[PDB]
Student: 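Could you have a look at this structure, given as structure tokens, before my questions?
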Amino acid sequence: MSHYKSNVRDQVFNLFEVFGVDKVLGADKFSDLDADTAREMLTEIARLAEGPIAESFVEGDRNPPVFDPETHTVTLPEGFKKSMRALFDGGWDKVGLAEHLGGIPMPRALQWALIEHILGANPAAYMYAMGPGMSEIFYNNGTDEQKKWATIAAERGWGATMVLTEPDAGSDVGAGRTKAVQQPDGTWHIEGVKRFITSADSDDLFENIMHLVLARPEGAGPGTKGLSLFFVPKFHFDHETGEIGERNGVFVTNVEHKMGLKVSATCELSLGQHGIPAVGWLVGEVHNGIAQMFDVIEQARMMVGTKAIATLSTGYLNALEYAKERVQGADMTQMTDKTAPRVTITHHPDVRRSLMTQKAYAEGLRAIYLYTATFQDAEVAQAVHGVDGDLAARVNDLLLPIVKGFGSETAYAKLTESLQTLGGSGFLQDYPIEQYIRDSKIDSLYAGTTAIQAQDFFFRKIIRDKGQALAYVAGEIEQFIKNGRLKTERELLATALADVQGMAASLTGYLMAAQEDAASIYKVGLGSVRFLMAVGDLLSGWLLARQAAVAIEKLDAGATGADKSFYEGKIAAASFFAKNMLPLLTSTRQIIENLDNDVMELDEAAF
Amino acid sequence: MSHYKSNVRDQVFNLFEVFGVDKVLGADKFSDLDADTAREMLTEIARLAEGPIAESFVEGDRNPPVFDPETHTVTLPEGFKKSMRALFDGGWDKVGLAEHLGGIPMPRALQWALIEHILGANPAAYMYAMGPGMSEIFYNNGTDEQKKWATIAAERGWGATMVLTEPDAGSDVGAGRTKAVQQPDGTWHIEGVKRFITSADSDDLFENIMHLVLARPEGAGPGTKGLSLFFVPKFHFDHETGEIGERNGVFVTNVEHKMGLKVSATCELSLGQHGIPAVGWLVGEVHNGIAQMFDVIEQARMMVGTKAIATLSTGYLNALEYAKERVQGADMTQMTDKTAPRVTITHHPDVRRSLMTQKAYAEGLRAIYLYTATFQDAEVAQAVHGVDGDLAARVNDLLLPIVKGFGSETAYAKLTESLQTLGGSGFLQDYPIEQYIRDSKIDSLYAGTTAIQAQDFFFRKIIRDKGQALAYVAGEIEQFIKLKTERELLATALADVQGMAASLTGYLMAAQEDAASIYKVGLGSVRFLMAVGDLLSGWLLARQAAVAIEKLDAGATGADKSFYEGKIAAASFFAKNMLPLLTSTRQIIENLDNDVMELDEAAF
Ligand SMILES: Cc1cc2nc3c(=O)[nH]c(=O)nc-3n(C[C@H](O)[C@H](O)[C@H](O)COP(=O)(O)OP(=O)(O)OC[C@H]3O[C@@H](n4cnc5c(N)ncnc54)[C@H](O)[C@@H]3O)c2cc1C
Ligand SMILES: Cc1cc2nc3c(=O)[nH]c(=O)nc-3n(C[C@H](O)[C@H](O)[C@H](O)COP(=O)(O)OP(=O)(O)OC[C@H]3O[C@@H](n4cnc5c(N)ncnc54)[C@H](O)[C@@H]3O)c2cc1C
């Protein structure tokens, strides 16, 4: 079914009219890619997403993969594999890949806009297709000889996995017990059982799979510092030609039954447990595991956040299309009259409230991840923001937990409004929104839970950063607030910005107080997620207000037709968000300012 | 054990230590039911729920019902039918049923506490068991001759359905096109196609099904007031002996594929479309359909709210059990130390925040539906609250959309915390939370959407009521206010809710001169309903904490003491972390404008 509804219009609005990413197209790194070609690419992949890729969305959930425990392999439904081949045949598993690996150079902001369509149409299909992007990470961290293997893996389209989690080491990656035994010739034998590994087998989609495995070398120290990263291929291969050889000793031994995202095989992975060594090669031939793996984690966190946002967007557009056609009830101005005309439900206030809530968050979230991506290239950050490379890296690092944590939590919550808009029909599998909800629930968990996002945000991206990136962003919001038709929105933003600054000061204060009373640190934990969500709301309202300022300029200049309607919606979204979402941060600030440890002192038996 | 984790302790605490429902036990209608027996009943049905009822919770979802087009019937999984037999064999489908239909007289507050356990363990099992209760409603509204059939239906345990919805008439009940044609012999032939009918077929669970069908007699008016209610049995039967006769012309034509609650067969139901007439009997031989039907609707709305609350409770207790045993991470006071000992995750602040949020809403919601139920018996309301019958009915009517709307929305939202507590494992079908979420999503839709609940609440239960029930409840909150910090926070919340009510009232009355003003009522209606729910939750938790303080001062020990300590902590947490948000919501409601209504549809 054609469940997927795309929004290239909003993407191009952000990329060119708001952020001006076209400034760098046709110049330096992107010398061979112009704005017209970028638009055509977005339109092409959106068309592919709405057609062949979206067409197996239902099939993958209703006819999910089947595991053969004796072969340690998974069979995927044929319709989904056809969608994968459509993706490969169009070169879309090589989006933004380095030119020397066969890719088309482009800014990250354009790359994630392209990927959004796959994540909206069939997110597991993009996940299976992340191999080449992970081969590039292996390339960047590898020896000269390992770079040769990475080039083969990328050219041949091998799949890949990130292998961290164990039954007793999920959020606490440093507790992992999977071990690496050094061999005389410099290779390693990996031994352990890992859990919840995405794409650990993928039927016959690929020639090979590159497992990137965190493991502790024998006798290494404890914690994350003692971990190393290893290249562990499913098949041994000829390192010069790429010709596939003997099966390596790394076998899927279970596939989980999940709430959603069912077509993505989520696997228990056994290394060196079946009498065959799991041979691994030390990435870069250095012991720097968690640093190397965080290149992979950051990409995964960006993908998950963008996935949540893509899913909410098509959720909203499905609900909108339904509301426009569903006739139910009289206009509320006519409710007493038992003979009044029945109207389409977009006429009802609560439906317009729901739809505008969906719209504002979906479009605010789209702006967030594209804004985040403009700091992922130094050249783009310099051209559009005027910030140097170091600050740009700090700002991207600050925004990733917002994209991931705030994005995942918001999308799942607002999809509830999408389903509600359909009434009783929303509970039916006939419509895609119940699957959107199930497929999206994992986004608050995979690649680090929301709580982990919030702790990374505060401790690493603000405190350890000495507030530099946060002060930059705050300065940009302040400058927008300074400098008629958006006065009330700017006043509401000024209050929200002050609220967030108050929150940051309070949590910082609790951290300082921990010098004297260690228990005071618990208050940082108690408030960390609410703080992360508040910054997300602040950024959403700010970027929506920036969009409204651009929309006002285009309307003043004489926009007509569909363009005019688009711009009018941007003004309404920014105003609605500022008046209905931002004021809550004031109460949240007061709640955070009054946190106490009563709930930490309570006996566990009292719960 | 099973997926289902019950909480009789909290139920008894509410029923006896907080509301004092035991005052009426052993007296008048409840002469034969004492406190000890009520508690034993709760314990016994909780065991039934945790045992045979919960046993098929997974099976019903993984092996869902099948529609057979060769016979126009639905087949149910054997394990679930075994659970249903355990329910009937125990005499539980006659809980709160009138004594003359074979029931055990009891306060409604006890009845719903008992039903909570079935709704938490396998809610579709209660829905299939709603037959006798709907037969009683037929009895009460029926003629003397019909009362005899209703007695047969109840005694034989026939299934029953509520038949309102059509493809173009869901929320708008009055737009239905199903028609009724009177026959020479005084019966009626019903013709129409109805949608989203729960329990429309039930395999071989019952010997008959009573369909209660809204239909428009030919020549009748256009609105809901033009509707009449008809008794339409699946099988004809002997009106004196109950012997089952020929098939009546009412057939299921499909079974919907749903996100959850899969073992409850939700079907399109066609009347008089398969070659033979769907014979119906005018209920009470009077044309008063929507009024008769809302007896059934009120019961359904109480059921849905209690279902949502029951599901959140077992979701919370599953998450708590998991958190107590899951070891992950060092204590936050030892973040820096990578050599530090690993702890169970109840040690982590965000987990305790999550668990206390689940606890406070689950227990606050249980208090709300039990509180609501104390107004559903005149003698209980008199005994425990000192309120006459008329005010009690108005207060119950005021609270029903909160139980349903606030309960359904809150339960689904907070189950998100329950699943989150499990980490990645929460996403697995190996644990029950993911099914709880899917089964719960329907609660905001079935028996009136949240928006319909909010409109009923404001327009019918407050405005048309001239604010009397609301004034009563506000007066009880103000009396408790007059636990110092909690009472101060409750005073702010009460004032916030009163400000909200005044603002929405202004928008409604201003619609006389400016029609579009009414839209601001719709814009704020749901947020107002949820705010009142938060206020009631905070107030009732504070009342529980006040009782808990008294019991602790009197020397409570051991598990009792732990329980009482938890109530104090939940009341304080709720007042400090949930109630203040109502202040921002009031100011938002006070500044509602119609920009979103004036926007071109094309701009969305
Ligand atoms: C599984 C299931 C079980 C059910 N069981 C029963 C049952 O046994 N019998 C039965 O008769 N019904 C049953 N229902 C139907 C249910 O009771 C509701 O009447 C119906 O589901 C809601 O109407 P709809 O589905 O057509 O949605 P719609 O009426 O089309 O509502 C669509 C959207 O519009 C909104 N909307 C509609 N009118 C207004 C308005 N005036 N103001 C504001 N917003 C408005 C709604 O809130 C919703 O967001 C069931 C539903 C399902 C899915
Ligand atoms: C479908 C799926 C796909 C996945 N894909 C991948 C993948 O490809 N590769 C991979 O390596 N991993 C993967 N994971 C694993 C995933 O990253 C972990 O499940 C997740 O990060 C948390 O680990 P856990 O499940 O053990 O939860 P736990 O770590 O046990 O967490 C349980 C709860 O405790 C909380 N908690 C734990 N520690 C703390 C703390 N210090 N402070 C506060 N709260 C805390 C959490 O927030 C959560 O609420 C996947 C998971 C799933 C379910």
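Both backbone and side-chain heavy atoms feed into the values below; hydrogens, waters and symmetry mates do not. In what follows, chains are A, B, ... by sequence order, proteins preceding strands, each numbered from 1.
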Student: Measure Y316(B) against the heavy atoms of chain A and call it side chain, backbone, both or neither at under 4.5 Å.
Tutor: side chain
Student: With side chain to side chain contact (heavy atoms under 4.5 Å, CB included) as the criterion, how do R195(B) and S425(A) come out once you've worked through the C-alpha distance, each side chain's angles and the decisive distance to 0.1 Å?
Tutor: CA-CA 10 Å; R195(B) 184 186 58 164; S425(A) 295; 4.1 Å; yes
Student: Go through the atoms of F196(A) and report whether side chain, backbone, both or neither lie under 4.5 Å from a heavy atom of chain B.
Tutor: side chain
Student: Which atoms form the tightest heavy-atom contact between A451(B) and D350(A), and what is the distance?
Tutor: CB-OD2, 3.5 Å
Student: Give, as side chain, backbone, both or neither, the part of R342(A) having an atom under 4.5 angstrom from any heavy atom of chain B.
Tutor: side chain
Student: Could you tell me which portion of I437(B) (side chain, backbone, both or neither) has an atom closer than 4.5 angstrom to a non-hydrogen atom of chain A?
Tutor: side chain
Student: When you compare the side chains of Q420(B) and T449(A), does any donor N or O come within less than 3.5 Å of an acceptor on the partner?
Tutor: no
Student: Can you tell me if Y510(A) has over 12 outside heavy atoms packed within less than 6.0 Å of its OH?
Tutor: yes
Student: Hey, does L422(A) have a side-chain heavy atom less than 4.5 Å from the side chain of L445(B)?
Tutor: no
Student: Given a strict heavy-atom distance threshold of 4.5 Å, which part of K359(A) is in contact with chain B: side chain, backbone, both, or neither?
Tutor: side chain
Student: Between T450(A) and chain B, with a heavy-atom cut-off of 4.5 Å, which part of the residue counts as in contact: side chain, backbone, both or neither?
Tutor: both
Student: Taking side chain as C-beta onward, heavy atoms only, is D430(A) less than 4.5 Å from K258(B)?
Tutor: no
Student: Any residues in residues 332-341 of chain A near chain B, with a heavy-atom distance under 4.5 Å, and which are they?
Tutor: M332(A), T333(A), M335(A), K338(A), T339(A)
Student: So among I521(A), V524(A), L526(A), which one has a side-chain contact (heavy atoms from CB on, under 4.5 Å) with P349(B)?
Tutor: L526(A)
Student: Given the rule in the side chain to side chain contact (heavy atoms under 4.5 Å, CB included) test, do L355(A) and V596(B) qualify, once you have shown the distances and angles that lead to the verdict?
Tutor: CA-CA 10 Å; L355(A) 288 171; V596(B) 80; over 6 Å; no
Student: Could you pull out every donor-acceptor pair under 3.5 Å between side chains of residues 586-596 of chain A and any protein atom, sequence neighbours left out?
Tutor:
from	atom 1	to	atom 2	distance (Å)
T586(A)	OG1	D499(A)	OD2	2.5
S587(A)	OG	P580(B)	O	3.1
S587(A)	OG	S584(B)	OG	2.6
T588(A)	OG1	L584(A)	O	3.4
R589(A)	NE	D499(A)	OD1	2.7
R589(A)	NH1	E593(A)	OE1	3.2
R589(A)	NH1	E593(A)	OE2	3.3
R589(A)	NH2	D499(A)	OD1	3.4
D596(A)	OD1	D598(A)	N	2.7

Student: Could you tell me which portion of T224(A) (side chain, backbone, both or neither) has an atom closer than 4.5 angstrom to a non-hydrogen atom of chain B?
Tutor: both
Student: Based on non-hydrogen pairs under 4.5 Å, which of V351(A), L261(A), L585(A), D331(A) is most in contact with chain B?
Tutor: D331(A)
Student: Can you tell me which portion of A518(A) sits under 4.5 Å from chain B's heavy atoms? Options are side chain, backbone, both or neither.
Tutor: both
Student: Check step by step if side chain to side chain contact (heavy atoms under 4.5 Å, CB included) holds for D443(B) and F427(A).
Tutor: CA-CA 10 Å; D443(B) 299 337; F427(A) 200 59; over 6 Å; no
Student: Tell me, for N594(B) versus chain A, whether the close heavy atoms (under 4.5 Å) come from the side chain, the backbone, both or neither.
Tutor: neither
Student: If you count heavy-atom pairs under 4.5 Å with chain B, which of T344(A), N580(A), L320(A), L419(A) comes out on top?
Tutor: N580(A)
Student: Side chain, backbone, both or neither: which part of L317(A) has an atom under 4.5 Å from a heavy atom of chain B?
Tutor: neither
Student: Among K441(A), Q358(A), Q435(A), which residue forms the greatest number of heavy-atom pairs with chain B at distances under 4.5 Å?
Tutor: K441(A)
Student: Which region of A562(A), side chain (C-beta onward) or backbone (N, CA, C, O), has a non-hydrogen atom less than 4.5 Å from a non-hydrogen atom of chain B, or is it both or neither?
Tutor: neither
Student: What part of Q455(B) is in contact with chain A, defined as an atom under 4.5 angstrom from a non-hydrogen atom: side chain, backbone, both or neither?
Tutor: side chain
Student: Count the heavy-atom pairs under 4.5 Å between each of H347(A), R438(A), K523(A), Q429(A) and chain B, then report the option with the highest count.
Tutor: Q429(A)
Student: With a 4.5 angstrom heavy-atom cut-off, could you sort out which part of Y522(A) is near chain B: side chain, backbone, both or neither?
Tutor: both
Student: Is there a donor-acceptor pair under 3.5 Å between the side chain of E565(B) and the backbone N or O of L602(A)?
Tutor: no
Student: Heavy atoms only, distances under 4.5 angstrom: which of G566(B), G170(B), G221(B), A603(B) has the most pairs with chain A? Name it, please.
Tutor: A603(B)
Student: Which answer fits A602(B), side chain, backbone, both or neither, if we ask what part of it has an atom under 4.5 Å from a heavy atom of chain A?
Tutor: both
Student: Is atom NZ of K324(B) surrounded by more than 12 heavy atoms (other residues, nucleotides or ligands) closer than 6.0 Å?
Tutor: yes
Student: Can you tell me which portion of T165(A) sits under 4.5 Å from chain B's heavy atoms? Options are side chain, backbone, both or neither.
Tutor: neither
Student: Give, as side chain, backbone, both or neither, the part of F459(B) having an atom under 4.5 angstrom from any heavy atom of chain A.
Tutor: side chain
Student: Looking at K564(A), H348(A), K225(A), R530(A), which has the largest count of heavy-atom pairs under 4.5 Å with chain B?
Tutor: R530(A)
Student: Find the one option among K579(A), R353(A), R326(A), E601(A) whose heavy-atom pairs under 4.5 Å with chain B are most numerous.
Tutor: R326(A)
Student: Find the distance between CD (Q328(B)) and CG (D172(A)) and round it off to the nearest 0.5 Å.
Tutor: 5.0 Å
Student: Within the distance-only criterion (no hydrogens, no angle test), does the side chain of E256(A) pair as donor or acceptor with the backbone N or O of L428(B) below 3.5 angstrom?
Tutor: no
Student: In terms of heavy-atom pairs under 4.5 Å, which option from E409(B), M597(B), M356(B) contacts chain A the most?
Tutor: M597(B)
Student: Where do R352(B) and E604(A) land on the side chain to side chain contact (heavy atoms under 4.5 Å, CB included) test, with the steps shown first?
Tutor: CA-CA 9 Å; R352(B) 285 195 163 224; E604(A) 192 194 74; 4.2 Å; yes
